[PDB]
Amino acid sequence: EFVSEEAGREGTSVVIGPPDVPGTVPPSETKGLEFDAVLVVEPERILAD
Amino acid sequence: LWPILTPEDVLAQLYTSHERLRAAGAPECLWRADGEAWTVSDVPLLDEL
Amino acid sequence: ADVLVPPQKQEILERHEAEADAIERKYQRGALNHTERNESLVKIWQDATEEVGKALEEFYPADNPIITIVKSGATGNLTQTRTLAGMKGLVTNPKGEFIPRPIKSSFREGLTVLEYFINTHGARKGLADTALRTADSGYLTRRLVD
Amino acid sequence: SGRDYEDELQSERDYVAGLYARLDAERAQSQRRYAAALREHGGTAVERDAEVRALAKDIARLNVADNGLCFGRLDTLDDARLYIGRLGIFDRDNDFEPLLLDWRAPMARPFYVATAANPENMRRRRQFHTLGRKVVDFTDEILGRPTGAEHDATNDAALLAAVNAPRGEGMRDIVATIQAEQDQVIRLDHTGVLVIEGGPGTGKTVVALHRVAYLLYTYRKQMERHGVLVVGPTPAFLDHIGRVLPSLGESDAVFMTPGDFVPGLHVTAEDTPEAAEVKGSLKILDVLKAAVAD
Amino acid sequence: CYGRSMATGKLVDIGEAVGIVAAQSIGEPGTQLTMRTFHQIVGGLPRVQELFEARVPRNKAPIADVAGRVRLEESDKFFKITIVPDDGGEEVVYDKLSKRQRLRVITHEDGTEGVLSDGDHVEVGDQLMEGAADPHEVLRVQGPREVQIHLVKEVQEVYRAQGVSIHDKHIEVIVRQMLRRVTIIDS
């Protein structure tokens, strides 16, 4: 749903999450970048690794 | 008694064997099965060698 | 008397001097580099040399001895005639770069002291390098013969 | 993406096309004169060689500037437009009005050193992103308190325009404070080791690249032959830098991740934190020497 | 095969040493060519020595290995070119072409002046860049006879640009020696 919504929007956006979750990238992969919209998956999980 | 060495030789023999590891004074943390399976921490050591 | 000077010379020189003054203004205004100023001045004075050459070639009567020898194909060329009665033009420094300020005098008028001094550089260059040119040609010829 | 931006881009493209037309005309004239000098020069051998070499140097100079001829534009507070490029181009027909400025000329200095808190009489700095002869796009930087109008490809203009806060106990312009801090970072005289540290969202990266551009223009004699080493955490970040990196003059930049330091080797894997700690500290040097001595 | 002697205007007599005559004819106008720098790419003698020594050109330009259509994949400061062969064979790629050299200008009937572009039919041994083709590339691509023709063409072009009037046959006499031997693979 987030992916579909961000298509009609303007700008750039990303999903941040564990590799276990399909279609997400780890936070380290965005260490120095900036995006308009971000969707974060399972903060209580990626906070523990 | 005094062989010609390359950095990869030094690091592989160091990581692969516990005897050379103890001789060099490194801890057991550095041992790994594959010597030439380089990681981001090995690159500066290779450069220094 | 036979070495005619084209009357258009001074007007052409004044026009190109106005162009040079415009470039001087632009350089002093910070819009232009030193080397780029040299480039532009060199090109303008090359244009001036071509203009004076055309004026000299159109002014001379067909039967004048100086132009007669050249146009008959006996010897010489129009560049030497322009140098003789037009303007010597730009000359090189020892490094082979054109000196931006040309020799506006002709050998008929006689050069000023500094024009002659800056002229001597290329003359000695040519006198000095001829043996090397001959040696290179002879070496190539020797290898072809072998 | 909008029709107004497209129209402005098209205008700039037309101007650049005219610049390239002049470039080609000059190159054709130079080539013709070069052939004429080779074939029918009546002077001495030394004079012919000098003229031929001068024309060859001119042709090479024109060729090296063919790619990316134009860097950008400066819009002065007096509305004067200056174009900055690899070569200077002038109208002999109008007393040498510069259609293009060589980036090393003093009049082009603001394109590198100008800042939004100590401007050099300039209103705006526009950078052209180019490929070959065509301008792929352009980006505007406003040297003041932007209204968020012009496209900048970094959103700094719109975001700064979107500032919102009360005047405060002591009246503060807020925006001017940001401009002043970024300027005082950029225009620093210290050419040694500089550390820029700021919380996220302050645009530290673009400020650092502006500082780099200022340094590389000011000291171009001492650095241009040595180049720049840009170190980044990920290849995507280095692509970002490649997108936003300002003009470096004739200099060049080499992009590396910390895993790319060894030439010919690329590494991505990470060790365990304990192994990483022991390998990272300088006390590993005692081990390595010992490993050699063994 | 030699033809007439230029001096006599009649078929060359048996026994006459055309080799030394060709060498002298080529070498005699050598001082009229632009020389190497003595201050210590310009043409003239420096290139002539380059051609007769069969050296790899400093201003080298790659040449098409196969005839086909060009697909151009320009980069920021480099060029990449692919040739889709009209024969249906393997696509051939040149991958590290510089932009300091400008792309080949064609001068074909399809215009008056123009540069290589996508979809252009490029022939075998056709150059892709302005500069000089490596004669060894011509040898492996086009073959010995075409190499001799190419060498004569380049040398006479250098001489013509300098206003010299050497007949091609002397250049051919010289070039024949450059391709006189074969290296044996199997006895």
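Protein chains in written order, with the deposited numbering: chain E, 639 to 687; chain Z, 394 to 442; chain V, 733 to 878; chain X, 2 to 295; chain C, 977 to 1016, 1025 to 1171. All C-beta atoms, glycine included, are put in the ideal place defined by N, C-alpha and C.
1) I'd like to know whether the C-beta atoms of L1035/C and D868/V end up nearer to each other than 9 Å.
2) What first and last residue would you give for the beta strand (DSSP E) that runs through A254/X?
3) Is the CB-CB distance between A1051/C and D1094/C below 9 Å?
4) Along chain V, in chain order, which residues have C-beta atoms closer than 8 Å to that of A993/C?
5) Does the Cβ-Cβ distance between residue 889/V and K741/V come in under 9 Å?
6) If contact is defined by three or more beta carbon pairs under 8 Å, each pair taking one atom from either stretch, is the stretch 233-251 of chain X in contact with the stretch 399-418 of chain Z?
7) Against chain C, does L246/X count as a neighbour if the rule is that its beta carbon must be under 9 Å from one of theirs?
8) Please classify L685/E: is it buried, with 16 or more other beta-carbons within 10 angstroms of its beta-carbon, or exposed?
9) Shortest alpha-carbon distance to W777/V belongs to which of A860/V, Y848/V, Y871/V, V823/V?
10) Give a yes or no on whether the C-beta atoms belonging to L439/Z and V293/X are separated by under 9 Å.
11) Please list the residues of the stretch 46-57 of chain X that have a C-beta atom closer than 8 Å to any C-beta atom in chain C, keeping them in chain order.
12) When you compare the CB positions of residue 1/X and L20/X, do they come within less than 9 Å of one another, or not?
13) Roughly how many whole angstroms lie between the Cα atoms of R127/X and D261/X?
14) Select from the stretch 980-1007 of chain C all residues with a C-beta closer than 9 Å to any C-beta belonging to chain V, and list them in chain order.
15) Given a cut-off of 9 Å, decide if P1046/C and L1087/C are closer than it, judged by their beta-carbon atoms.
16) Closest to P201/X by CA distance: which of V678/E, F673/E, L677/E, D687/E is it?
17) Can you check the stretch 789-877 of chain V for any alpha helix (DSSP H) of at least 4 residues that lies completely inside it and give the ranges in chain order?
18) For a minimum of 4 consecutive residues, which ranges assigned as the alpha helix (DSSP H) are wholly contained in the stretch 986-1014 of chain C?
19) Give the DSSP-derived three-state secondary structure of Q128/X in the structure shown.
20) Give the interface partners of residue 298/X over in chain V, defined as CB-CB distance under 7 Å, in chain order.
21) Excluding sequence positions up to five away, which residues of its chain have a Cβ less than 8 Å from the Cβ of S1001/C?
22) Between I187/X and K1137/C, what straight-line distance do the alpha-carbon atoms span, to the nearest angstrom?
23) May I have the straight-line CA-CA distance separating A46/X from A29/X, to the nearest angstrom?
24) In whole angstroms, give me the CA-to-CA distance for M1011/C and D50/X.
25) Beta-carbon of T432/Z versus every beta-carbon of chain X: anything under 9 Å?
26) Does the beta carbon of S869/V sit closer than 9 Å to a beta carbon anywhere in chain X?
27) Please classify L286/X as buried or exposed, where buried requires at least 16 other C-beta atoms within 10 Å of its C-beta.
28) Using the rule of at least 16 other Cβ atoms within 10 Å of the residue's Cβ for burial, across every protein chain shown, is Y220/X buried or exposed?
29) Evaluate the contact criterion for the stretch 805-813 of chain V versus the stretch 826-842 of chain V: three or more CB pairs, one atom per stretch, below 8 Å.
30) Using a Cβ-Cβ cut-off of 9 Å, state whether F791/V counts as contacting chain X.
31) Run through chain X and tell me which residues come within less than 8 Å of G854/V, C-beta to C-beta.
32) Using a Cβ-Cβ cutoff of less than 6 Å, which residues in the same chain neighbour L100/X once the five nearest sequence positions on both sides are dropped?
33) Just the C-alpha distance for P681/E and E9/X, rounded to the nearest angstrom, thanks.
In this structure, then:
1) To locate residue 1035/C, count along the fifth sequence from 1; it is residue 51. To locate residue 868/V, count along the third sequence from 1; it is residue 136. No.
2) Translated into positions along the fourth sequence, residue 254/X becomes position 253. Run containing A254/X: 254-257, per the beta strand (DSSP E) assignment.
3) By 1-based counting over the fifth sequence, the position of residue 1051/C is 67. By 1-based counting over the fifth sequence, the position of residue 1094/C is 110. Contact: no.
4) Along the fifth sequence, one-based indexing puts residue 993/C at 17. The contacting residues do not exist; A993/C stays about 11 Å from chain V at best.
5) With chain V running from 733 to 878 in the structure shown, residue 889/V is simply not present.
6) no
7) Working through the fourth sequence from its first residue, we reach residue 246/X at position 245. By this cut-off, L246/X is not an interface position.
8) Mapped onto the first sequence, residue 685/E falls at position 47. Under this definition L685/E is an exposed residue.
9) Stepping through the third sequence from its first residue, residue 777/V is reached at position 45. Among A860/V, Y848/V, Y871/V, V823/V, the Cα nearest to that of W777/V is on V823/V.
10) The residue labelled residue 439/Z in the question sits at position 46 within the second sequence. The residue labelled residue 293/X in the question sits at position 292 within the fourth sequence. Cβ distance not < 9 Å, so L439/Z and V293/X don't count as in contact.
11) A46, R49, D50, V53, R54, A57
12) Outside the shown range of chain X, which is 2 to 295, sits residue 1/X, and nothing can be said about it.
13) As a position in the fourth sequence, residue 127/X is number 126, starting the count at 1. As a position in the fourth sequence, residue 261/X is number 260, starting the count at 1. So the two alpha carbons sit approximately 33 Å from each other.
14) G995, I996, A998, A999, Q1000, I1002, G1003, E1004, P1005, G1006, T1007
15) Position 103 of the fifth sequence, counted from the start, is the residue given in the question as residue 1087/C. Position 62 of the fifth sequence, counted from the start, is the residue given in the question as residue 1046/C. Their beta carbons are not under 9 Å apart, which means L1087/C does not touch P1046/C by this criterion.
16) For the purposes of this step, residue 201/X is taken as residue 200 along the fourth sequence, with counting starting at 1. Ranking the options by Cα distance to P201/X, first place goes to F673/E.
17) 797-803, 810-817, 845-877
18) 994-1003
19) For the purposes of this step, residue 128/X is identified with residue 127 of the fourth sequence, where counting begins at 1. It is a strand residue.
20) Limits of chain X in this structure are 2 at one end and 295 at the other, which puts residue 298/X out of reach.
21) Here residue 1001/C corresponds to residue number 25 of the fifth sequence, with the count starting at 1. Counting only Cβ-Cβ distances below 8 Å, and skipping sequence neighbours, we find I1150, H1151, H1154.
22) Locating residue 187/X in the fourth sequence gives position 186, where the first residue counts as 1. Locating residue 1137/C in the fifth sequence gives position 153, where the first residue counts as 1. Using only the alpha carbons, I get a separation of about 58 Å.
23) Here residue 46/X refers to the residue found at position 45 of the fourth sequence. Here residue 29/X refers to the residue found at position 28 of the fourth sequence. Cα to Cα, the separation comes out at about 24 Å.
24) Mapped onto the fifth sequence, residue 1011/C falls at position 35. Mapped onto the fourth sequence, residue 50/X falls at position 49. Cα to Cα, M1011/C sits roughly 8 Å from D50/X.
25) Stepping through the second sequence from its first residue, residue 432/Z is reached at position 39. Yes, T432/Z counts as interfacial toward chain X.
26) Your numbering for residue 869/V matches position 137 in the third sequence. Not an interface residue.
27) What you label residue 286/X is simply residue 285 of the fourth sequence in a count that begins at 1. That one is exposed.
28) Taking the fourth sequence and counting its residues from 1, the one referred to as residue 220/X is at position 219. Classification for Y220/X: exposed.
29) no
30) Looking up residue 791/V in the third sequence gives position 59. Cβ-Cβ to chain X under 9 Å: no for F791/V.
31) Position 122 of the third sequence, counted from the start, is the residue given in the question as residue 854/V. Neighbours of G854/V on chain X, chain order: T45, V47, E48, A51.
32) In the fourth sequence, residue 100/X corresponds to position 99, counting from 1. Once the five neighbours on either side are set aside, the close Cβ partners of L100/X are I90.
33) Counting from one through the first sequence, the residue named residue 681/E turns up at place 43. Counting from one through the fourth sequence, the residue named residue 9/X turns up at place 8. When rounded, the distance between both Cα atoms is 45 Å.
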